[PDB]
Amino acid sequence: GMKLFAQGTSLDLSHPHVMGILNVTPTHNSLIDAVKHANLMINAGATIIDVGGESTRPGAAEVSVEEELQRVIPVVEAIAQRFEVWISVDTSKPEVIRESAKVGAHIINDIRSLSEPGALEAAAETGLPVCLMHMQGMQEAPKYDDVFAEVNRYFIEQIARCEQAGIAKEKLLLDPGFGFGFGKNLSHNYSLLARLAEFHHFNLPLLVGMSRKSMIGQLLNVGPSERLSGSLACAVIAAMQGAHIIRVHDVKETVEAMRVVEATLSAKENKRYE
């Protein structure tokens, strides 16, 4: 029943949506390969595309302003021209937010939740949906009084901060920030996955992304390439609880698992596992 609206089109969150990842970093063949990877993800079943001109996993470098315009914008521009899928942009600079909205972007997905100077002001001018994600800080993960309580308290503060800028509450999306890069260890990560359905009291969409993360690599004791089954198990658990968007690397397999989730949630009485 929950819908997202952007660029004269809608996203019906009645079923779980799979959002494929498309990193555009180290440009002649960097654009052909981007359109072809995006094409492959659409044919596998992806309904959203996460174009991010920055890798910020702990220990990754900084990208100046002009650098992100040169890769994010032509990629975003190329997707909307030829495809129907929704395009989310992983950017924190206000200039990339303004230019992504011009070339046809749908969702503003900021890893920093629009904390950079001018970022929140830009995201409101675009009128686009913004995804708010929680994060604390290659260093360690801090200590919490209770990881679920603080993430919740981080939200109420962020929704209130959004509405103060003109971004209506109905445009927002929430993401707990799974991963040992946003300041949460293995116990904190699995506590959030276990209590995900409680986050629905906000009555807002739940973007979730745990694809190939450390919360699967450390538990299963496998390299970064053998984490498919664990990522699928994570995605099903989140979708079983009513997560609306699942941000994954392996789109074909995730989409297959989602269809089992839908066929399961369709026969249930209340469409959600608590």
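Residues carry their position along the shown sequence, with the first being 1. Under this definition, the rigid core comprises the largest set of C-alpha atoms superposing within 1.5 Å between the forms.
**Q** Once everything is fitted on the core, do the CA positions of 180-188 or those of 115-123 lie farther from the shown form in 5 other deposited structures of this protein?
**A** With the rigid core superposed, the C-alphas that lie farther in 5 other deposited structures of this protein are those of 180-188.
**Q** With neighbours modelled on both sides, does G45 go without coordinates in a third or more of the other PDB entries compared?
**A** Negative; every one of those entries includes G45.
**Q** Is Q218 unresolved, in the sense of carrying no coordinates, in at least a third of the other compared entries?
**A** Per the records, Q218 is modelled in all the other entries.
**Q** Does the entry skip any residues of the deposited sequence between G137 and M138, and if so, is it 1 to 3, 4 to 9, or 10 or more, or none at all?
**A** Gap between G137 and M138: 4 to 9 unmodelled residues.
**Q** Between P26 and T27, how many deposited residues lack coordinates (none, 1 to 3, 4 to 9, 10 or more)?
**A** According to the record, 4 to 9 deposited residues lack coordinates from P26 to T27.
**Q** If you average the Cα B factors in the entry, which is higher, 149-157 or 194-202?
**A** The stretch with the larger mean CA B-factor is 149-157.
**Q** Looking at the deposited entry, does 111-119 or 185-193 carry the larger mean Cα B-factor?
**A** Comparing averages over the C-alpha atoms only gives 111-119.
**Q** Comparing recorded Cα B-factors across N39, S231, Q241, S214, which one is largest?
**A** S214 has the highest C-alpha B-factor of those listed.
**Q** For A34, return the chain-relative third of its C-alpha B-factor as stated in the PDB record: lowest, middle or highest.
**A** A34: CA B-factor falls in the middle third of its chain.
**Q** Looking at the temperature factor on the CA atom of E163, which third of the chain's modelled residues does it land in?
**A** Its C-alpha B-factor belongs to the middle third of this chain's values.
**Q** Please rank the C-alpha B-factors of the chain's modelled residues and tell me whether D175 sits in the lowest, middle or highest third.
**A** Lowest third of the chain for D175's C-alpha B-factor.
**Q** Would you check the entry's CA temperature factor for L69 and let me know if it's in the chain's lowest, middle or highest third?
**A** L69: CA B-factor falls in the highest third of its chain.
**Q** Would you mind ranking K143 by its C-alpha B-factor against the rest of the chain and naming the third, lowest, middle or highest?
**A** Answer is highest: the recorded C-alpha B-factor places it there.
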